[PDB]
Structure formats: C-alpha cells, structure tokens
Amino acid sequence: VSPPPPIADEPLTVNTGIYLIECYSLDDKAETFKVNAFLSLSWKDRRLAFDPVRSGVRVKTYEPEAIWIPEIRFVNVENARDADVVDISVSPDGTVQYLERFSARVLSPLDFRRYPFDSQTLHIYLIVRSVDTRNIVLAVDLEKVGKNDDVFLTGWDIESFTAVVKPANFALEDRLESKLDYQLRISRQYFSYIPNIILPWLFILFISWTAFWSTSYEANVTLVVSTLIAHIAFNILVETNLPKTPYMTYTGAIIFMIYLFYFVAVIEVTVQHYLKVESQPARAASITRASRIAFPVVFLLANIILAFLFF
C-alpha cells in the first residue's frame, strides 16, 4: 500500500469534514475542551476503480489495511485521537469515502478579557503531511461539516461550527503540510453570575458603606474589616475558575477596584475616628457625609469607565 499516483502532476486533494456528536468538559483554567465527532475523508484512488456494469455492485467496501488511507492528524490535541473506523466505501471511478468516529481533548486558548460576558472561537486544526511520491492537500466538504442539535456545552451557547475552506499550506522539515481550521463559536451564559456572584458581592460592599452612617469606630472597624474577609473569599472563588492571564480581565479590574474602595473606606474610618478623638467632630461629620455620596457615585462612574474600556 502506497499513495495513488498522479494522472498529471497535480497534488492529492483529501476532502474533509467534522460532524460534532458530543461537546463537553470545557476547562477554562486548562483552556481545553473534549469533543466526540465523525471525521469524514474522501480522495480519488484510480487503482481502486472498477466497472459498475461488469462487477454488478455499485459500491465496494474495504478494510483499513486493504487500501491506502491518508495519515490525517489533529494539531491542537493533548494526545492522538481515539478513532473507530465506521465505513470505507469505494465508488466505480475510484473515489474513496472514509468515515471514523473519534474522541479527543482539544487545546484551544481562550480570551478572558470580557469574562463572564465573553465569547470564544474554539479551534480544531486538521493536518496532513505530504509524502515523497506526491503532495497531499486538504479540502472542506461543506456538506459533511456540522453538529447535531442535542450538542450541548454546559454553561455555553453554541453559535456555529464552520471551517475555513482555504487550507494553510506550508513547508515543515523539508516536506509540505496542509492545515485546515475548524472553528466552533461559543458564547458564555452569564445569567447565573448575577444572583450567585455579582448581586451578593455588591451586598457585602454596601454593608461596608453603612459605616458612613456610624460614629462608632469599633463597629465601623468590624463592618469594613469583616466584609473585606467576604470580599477575599469571593475574589479567591472567582480566580480559582480562571487561569493566570498576562492581560487585565474585566472581572480582574472590578475585583482590584473593590480592594481600592475597601482601602479608602478604612482610611475614611481611621480619619473620622482620629478627628473625633482630637475633639473636632464637625470635620469628621463633613467627611463622613461626603463619603455617603462620594463612595457610591465614584463606584458607579468607575464601573461605567471599566465597562466602556472592556466592551
């Protein structure tokens, strides 16, 4: 078994297609996702051509070892895919129709800049290395590219599964390589984040701001310092589901900003008490009254600036 020889000196076109059966385990920290799909391959092998009238059979079924099959691999995989050959069909002209069902863990990077209001473009890169006798080029058979309706990815909305029809043909270690880009467009379901993380986080922050309606330093210390512990808990809970990014994220910016607001609240609480002890509560009262308006206003304006910069 060797590659089919060229009629003239044209490269061998292998038509490809991926049909998603299952999409699961999207690990944000690891930037990986598991996929279970059909991989369809089609090429012309004139050595396998037959007469349909004399053979009496329209199609001829073959075992993988019986014929030449192109070595198609995935670029962005952890380990080589687990494949099960479903069917091999040969038409009278020698056109081969290969079909396998595979499962693979795909390495595809994510952009956390807009998290949890982010959309991602997941990639599946198909590749073929050219042999010495002839060069192999990949193609997209749009009729064999898709996903089943039941394909669900927990916490995500699946937009589209398409392929960039033009392959990236490049030289690697003195041989030609034909690469195809299969793109899975997904957008994060941000609903849950509001009553589970966003609203409870704002509530604990508003609790610290009740210290602006109190002169009791011991109670104010308790209010601001204790809610800071809850803020630290929410910060840790959020950052454990996210990887360390070399760029600032929308959530990252907000979290950092809340740390500043807590620090400024501690300063206010310290200043108010110092002036009270220094027998000048009229100065303390004016600062505290200003803080009641300043803190929510500056917080609301800063969040508008952040939302604008990130979206």
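Start at 1 with the first residue shown and count on from there.
Higher mean CA temperature factor between 295-303 and 7-15: 7-15, per the PDB entry. According to the PDB record, 129-137 carries the higher mean C-alpha B-factor of the two stretches 129-137 and 179-187. Note on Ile197, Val75, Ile207, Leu172: the highest value goes to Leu172, judged by CA B factor as recorded. Residue-level inspection of the entry shows that, of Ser40, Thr32, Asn36, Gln280, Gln280 has the top Cα B-factor. Ranked by C-alpha B-factor against the other modelled residues of its chain, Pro52 falls in the highest third. The PDB entry assigns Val151 a C-alpha temperature factor belonging to the highest third of its chain's modelled residues. Among all modelled residues in this chain, the alpha-carbon of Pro246 has a temperature factor (C-alpha) in the middle third. The PDB entry assigns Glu63 a C-alpha temperature factor belonging to the highest third of its chain's modelled residues.
In this PDB entry, the Cα temperature factor of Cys23 sits in the middle third of its chain's modelled residues.
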